[PDB]
Amino acid sequence: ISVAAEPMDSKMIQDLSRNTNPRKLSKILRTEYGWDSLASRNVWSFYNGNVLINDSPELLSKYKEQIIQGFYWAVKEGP
Amino acid sequence: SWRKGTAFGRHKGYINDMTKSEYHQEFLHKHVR
Amino acid sequence: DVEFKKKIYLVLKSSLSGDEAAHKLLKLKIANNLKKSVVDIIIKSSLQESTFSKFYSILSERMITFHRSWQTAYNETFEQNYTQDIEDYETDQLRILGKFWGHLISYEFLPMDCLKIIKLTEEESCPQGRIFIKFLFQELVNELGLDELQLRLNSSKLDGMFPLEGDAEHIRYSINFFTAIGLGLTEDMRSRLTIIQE
Amino acid sequence: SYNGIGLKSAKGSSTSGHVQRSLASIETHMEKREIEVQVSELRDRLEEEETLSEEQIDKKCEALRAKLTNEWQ
Amino acid sequence: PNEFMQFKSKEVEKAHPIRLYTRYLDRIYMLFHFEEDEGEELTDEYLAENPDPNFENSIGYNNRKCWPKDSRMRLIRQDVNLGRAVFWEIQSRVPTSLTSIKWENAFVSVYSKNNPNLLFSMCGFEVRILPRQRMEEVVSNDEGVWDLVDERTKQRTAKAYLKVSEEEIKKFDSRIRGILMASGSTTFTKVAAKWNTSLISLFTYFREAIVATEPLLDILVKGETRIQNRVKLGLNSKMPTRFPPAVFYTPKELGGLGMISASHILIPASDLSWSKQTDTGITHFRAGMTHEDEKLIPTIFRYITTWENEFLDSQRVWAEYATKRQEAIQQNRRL
């Protein structure tokens, strides 16, 4: 469950702080912010301010909402 | 082991009278030293 | 200058802590043309008493930490005291004055560059001056230990009392002086003199 | 008591209450990521230009992946 | 026989937890030094004989309420259980039919990794000992601190901070109250001489411990105001313009009362929401006894040599006397 962390861009965190399916998101991210295709197609969900990126598809989508609720419970109260 | 040299250790309401009460004795031991 | 000297002295005696006397001196708002004289009143009133008290140290430390001009005044009065006025004083007066400046050097409100002026030889040392250097390093040892005092002496240079280049006789004289004091800070001069004798 | 310093009252202490302020105070991982990116790109391309059927895109993607693997030892 | 708290060797000193002992009139003073083994063994003996899972050992723990909250013993549960184990072992060693060693009159203070202060109150001196390694920044402090020189390596290794104990402050307040009360119809010079007697007896006992003490300075200012109003209500007029400071502190030969001043100082004032938490610096000064004149009346504490500055000098002059006596025996001359 080894996960890295990168900073959000300043323009991207500003555009996300005004709280602004997947093909529209992928096209907007790839043609606006300069994203990888593998990073743009593989996203679980957006809590506000902070994104969750993927890098066995049954084992991924089997606990989709469980990973996303754990992500929510993590970013609500940090380390 | 350090306490076995001595001679002592763990190894070895209400009544109606006011002058005879518990509080009055606590008082007089508080205020005569 | 009697009534201003009286006013400074009664500021120093109508106080309780050194903090309070520092407040009462700094409320007087004395310009630069009398600050050296105020520091001299503080010195000459610390030396009245029988033993040295910490009051004058706490005072002088707050005075130094208030403004740069008081720190320059204490620089100039330490230089003035050692180069001029040690001929005046009794050994008791030099106990008070030596522990005063030792408590000011040990908490680094006076620099080590303020001890730079002392060069102790046979001809430049008063005997009162030697007893004063003894009391300085006695207070410095009792405040700072031997190790931190070695590290502070090795922070900057003191060519006078520690002649690293020096002469074959002044090193031996400083060795015998600092062993008559009883420091144990001697082994660098020992290595240098054993180099020089061969 | 201005700034919470002074007295409750001047009355009681029998002082003036004149409070004054004191003047004394990994490489493998990277490779994997790259591969993923490549795959994504391929997928995008497929989407853009004639790949409504899955088998084609999947095939091409697979091939790409294989190539990537070959490249990285 | 040994001198007071001296030992014949280091091996006899470390052979027992009770390192130092002294007894006053009826106050004992036991300094212990436990290892990690013996302290937790005694603590688990206590917790097996007096169990408390509700952790109410901090409730009712007598703690020095004069020091700030970082200064006195913090109620760390390991050290509170250790201290109650200590007092339980000491309470077990004497029958109650000989003396009533109760917890109420007992102050236990545990220097450890969590409480860097060793507290006691001997002879009216609230002393807080704090090492040079357990302070973050070594700060030169007031006249009321003591420099504890290690007699091994000749270095100042701890700072003992002094305050006057609250019992002795209340006793001094009661003494000035008795000076007021016995002066029914008494001359003004005898009221001044009683104030001088009790003031000298206060400041030549508690010499430097009054700088770091706030209630004693408060009661000094109030009490010297009481003595001045004892003089002025003998004249049925207490106007400040009518009575300068020159009518009280003028000595008894010039015709004045010869009162000794201890209340024309500035009382150190600090934030009384913060002062009961940390060692606040002296950030403000409340005016002690303001007169309309700018008379800087000298105070007695500046003319009394403080105790550390007496005791270092005492060791010096008695070393000089023992050396002169050894020489005069070597010179065979009577000194």
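Chains as they are written, first to last, in my numbering: chain A, 1 to 79; chain B, 1001 to 1033; chain C, 2001 to 2198; chain D, 3001 to 3073; chain E, 4001 to 4335. Backbone N, C-alpha and C fix where the C-beta goes; we use that ideal spot for every residue, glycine too.
Item to complete: Please decide whether residue 1027/B counts as near chain E, where near means a Cβ-Cβ distance under 8 Å.
Response: no
Worksheet item: What residues match up with residue 4122/E in a beta bridge as DSSP calls it?
Response: 4125/E
Practice prompt. Tell me whether residue 4228/E is buried or exposed, calling it buried when 16 or more other Cβ atoms sit within 10 Å of its Cβ.
Written response: buried
Discussion item. Runs of 4 residues minimum, wholly inside the segment 4201 to 4261 of chain E: which ones carry the alpha helix (DSSP H) assignment?
Written reply: 4214 to 4232
Item to complete: Could you run through the segment 4067 to 4086 of chain E and flag, in chain order, every residue whose CB is less than 8 Å away from some CB of chain D?
Response: none
Worksheet item: Of all the CB atoms in chain C, is at least one closer than 8 Å to the CB of residue 3001/D?
Response: no
Worksheet item: When burial is assigned at 16 or more other CB atoms within 10 Å of the CB, is residue 4085/E buried or exposed?
Response: buried
Worksheet entry | residue 4078/E, DSSP secondary structure in three states | helix
Fill in: Local conformation of residue 4025/E per DSSP, three classes
coil
Worksheet item: Tell me, which residues are paired with residue 4146/E by DSSP?
Response: 4160/E
Worksheet item: Quick one, which residues of the segment 4032 to 4043 of chain E are near chain B if we go by CB-CB under 8 Å, in chain order?
Response: 4038
Discussion item. What does the alpha-carbon distance come out to for the pair residue 3011/D and residue 4224/E?
Written reply: 15 Å
Discussion item. Taking the alpha helix (DSSP H) that residue 3064/D belongs to, which residues open and close that run?
Written reply: 3054 to 3071
Worksheet item: What does residue 4170/E reach in chain C if we use C-beta pairs closer than 9 Å?
Response: Those do not exist, as residue 4170/E stays about 21 Å from chain C at its closest Cβ, beyond 9 Å.
Worksheet item: With respect to the beta strand (DSSP E) encompassing residue 4002/E, which residues constitute its N-terminal and C-terminal limits?
Response: First-last for residue 4002/E: undefined, no H or E at that position.
Worksheet entry | Euclidean distance between Cα positions of residue 3020/D and residue 2020/C | 11 Å
Practice prompt. With 7 Å as the C-beta to C-beta threshold (strictly closer), list the residues of the segment 3036 to 3058 of chain D near chain A in chain order.
Written response: 3036, 3037, 3039, 3040, 3041, 3043 and 3044
Worksheet item: What does residue 4283/E touch in chain D if you count any residue whose Cβ is under 8 Å from its own?
Response: 3005, 3021, 3022 and 3025
Discussion item. Once the 5 residues before and after residue 2073/C are set aside, which same chain residues still bring their CB inside 7 Å of it?
Written reply: 2035, 2036 and 2039
Worksheet entry | Limits of the alpha helix (DSSP H) - the one that residue 4284/E falls within | Premise fails: residue 4284/E lies in the beta strand (DSSP E), 4284 to 4287, not in any alpha helix (DSSP H).
Item to complete: Report yes or no: do three or more beta-carbon pairs, one from the segment 2152 to 2165 of chain C and one from the segment 2173 to 2193 of chain C, lie closer than 8 Å?
Response: yes
Worksheet item: Per DSSP, what kind of secondary structure is residue 2101/C in: helix, strand or coil?
Response: helix
Item to complete: Could you work out which residue in 2101/C, 2065/C, 2166/C and 2150/C is closest to residue 2135/C when comparing CA atoms only?
Response: 2101/C
Practice prompt. Show which residues of chain E have a CB atom less than 7 Å away from the CB atom of residue 3009/D.
Written response: Here the premise fails: no neighbours, minimum Cβ distance about 12 Å.
Practice prompt. Indicate the three-state DSSP secondary structure (helix, strand or coil) for residue 57/A in the structure shown.
Written response: helix
Practice prompt. May I have the straight-line CA-CA distance separating residue 4200/E from residue 4214/E, to the nearest angstrom?
Written response: 19 Å
Worksheet entry | is_contact[residue 4027/E, chain D] using C-beta, thresh 8 Å | no
Fill in: Outcome for residue 2182/C when other beta-carbon atoms lying within 10 angstroms are tallied against a minimum of 16
exposed
Practice prompt. For residue 4131/E, write down the residues that DSSP places opposite it in a beta bridge.
Written response: 4158/E
Worksheet item: Going by alpha carbons, who is nearest to residue 11/A out of 33/A, 19/A and 5/A?
Response: 33/A
Worksheet item: So, is the C-beta of residue 2010/C closer than 8 Å to a C-beta in chain E?
Response: yes
Item to complete: Assign residue 2127/C to one of three DSSP states: helix, strand, or coil.
Response: helix
Practice prompt. Please work out which residues of its chain come closer than 7 Å, Cβ to Cβ, to residue 4241/E, disregarding the five sequence neighbours upstream and downstream, and give them in chain order.
Written response: 4292
Item to complete: Identify the continuous beta strand (DSSP E) that holds residue 51/A and give its terminal residues.
Response: 50 to 53
Practice prompt. Please list, in chain order, all residues of the same chain as residue 19/A whose beta carbon is under 8 Å from its beta carbon, the five residues on each side excluded.
Written response: 48
Worksheet item: For residue 4203/E, which of 4261/E, 4181/E, 4239/E and 4151/E has the nearest alpha-carbon?
Response: 4261/E
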